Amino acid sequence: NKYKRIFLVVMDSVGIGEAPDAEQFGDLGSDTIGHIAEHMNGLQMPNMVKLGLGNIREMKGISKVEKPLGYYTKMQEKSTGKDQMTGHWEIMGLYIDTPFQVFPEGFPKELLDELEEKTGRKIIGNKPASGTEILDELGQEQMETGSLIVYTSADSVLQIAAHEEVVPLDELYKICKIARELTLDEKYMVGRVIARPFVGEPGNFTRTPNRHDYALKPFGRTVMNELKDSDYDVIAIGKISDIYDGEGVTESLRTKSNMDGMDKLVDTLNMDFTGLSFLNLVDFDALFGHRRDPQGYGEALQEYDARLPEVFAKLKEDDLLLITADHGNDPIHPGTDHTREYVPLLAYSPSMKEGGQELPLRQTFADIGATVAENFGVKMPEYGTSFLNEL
């Protein structure tokens, strides 16, 4: 095998400019890194610059270098949707025709009617909200009536909140499983159904750790599945395991923040493994993109960049580092949804003694999965073209 270990880092939502099909999505003008760079009066990301970020595209504070450490290009999304599961499933070798939906005005009456019909319970709420806001507003009514608080967020989720002393946990989980079946429908396709049990009294409600998530499996066996089946390590860091519903995962490391995610990446550098370490840095999307906070996003990018030199120092001759993103989420863009954007691709190994070069543009995110598959000699994905031989 060419590389013993591959470290794949998804900077979640870190897009590099509108894709050719952005107009279909209402995403003309979208530019996640570029708009952040402008807001920051120049982004400080010297380590990404050294890798060749500016060679992909020059932006404020992000300039090209004569001799990038590794290889660079961008990738274009081939699948229909710009959601979390589409982008990640494509990266690992799939093609997803049917996109996951978001619900800024709440769920269609038809879906909620059927959920009521199957459960024998009333549904209240039906809007995007934080768990705190919705409990303050409807927690007391929920307790008194035994109704279900159904709500969403900026991502593809259907959340069901019920008080633990009013709706037994087991009943709440049964209800969520019913909701999970009903939402396997392209009209209502949510990425995740989430049980949100809570306790307390009006003016003092708290969500309990008895939260359960109900995800869909990827629409195909992924490169991760093939790695696991061939006895390779597949270490998932952060949201990765959840995003693939555990498919192909041999070890999962939970993270609490981007800095904690980098700490776990460092932990995996310290592990003797053969296979894939796969990190998702989610704060970019979860705290800043959807909340349209370019300052916070910019600060987070600078915090991430400052962590990289330690990563560079630990990489071995037979390690490969891949840095990419799944979609965009431009923090200076209308609405609260993701943006359809190209994503950067940086590919670096200390064995690249003369530095890297420009790669042909990746026509699908599955090019990453294809590269990983070829490296480890496992079954090649149906989609994607390996760039292993170019490195």
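A residue's number is simply how far along the shown sequence it sits, counting from 1.
Student: Name the higher of the two by mean Cα B-factor in the PDB entry, 350 to 358 versus 48 to 56.
Tutor: Higher mean C-alpha B-factor: 350 to 358.
Student: Tell me which stretch has the larger mean Cα B-factor in this entry, 99 to 107 or 245 to 253.
Tutor: For C-alpha atoms only, the mean B-factor is higher in 99 to 107.
Student: Among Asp283, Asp233, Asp263, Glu137, which carries the highest Cα B-factor?
Tutor: Answer for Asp283, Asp233, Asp263, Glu137: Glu137, with the highest C-alpha B-factor.
Student: Hey, out of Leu115, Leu301, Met259, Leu94, whose CA B-factor is highest in the deposited coordinates?
Tutor: Most elevated C-alpha B-factor of the set, per the entry: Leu115.
Student: So where's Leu43 on the chain's Cα temperature factor ranking, which third?
Tutor: Middle third.
Student: Which third of the chain holds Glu201 when residues are ordered by C-alpha B factor: lowest, middle or highest?
Tutor: Highest third, going by the recorded CA B-factors of the chain.
Student: Would you please rank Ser30 by its C-alpha temperature factor against the other modelled residues of its chain and give the third it falls in: lowest, middle or highest?
Tutor: Within its chain, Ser30 is a middle-third residue by C-alpha B-factor, going by the deposited values.
Student: Sort the modelled residues of this chain by their C-alpha B factor and say whether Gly369 lands in the lowest, middle or highest third.
Tutor: It belongs to the lowest third of the chain when residues are ordered by C-alpha B-factor.
Student: Should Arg307 be placed in the lowest, middle or highest third of its chain by the C-alpha B factor in the entry?
Tutor: Bottom third by C-alpha B-factor.
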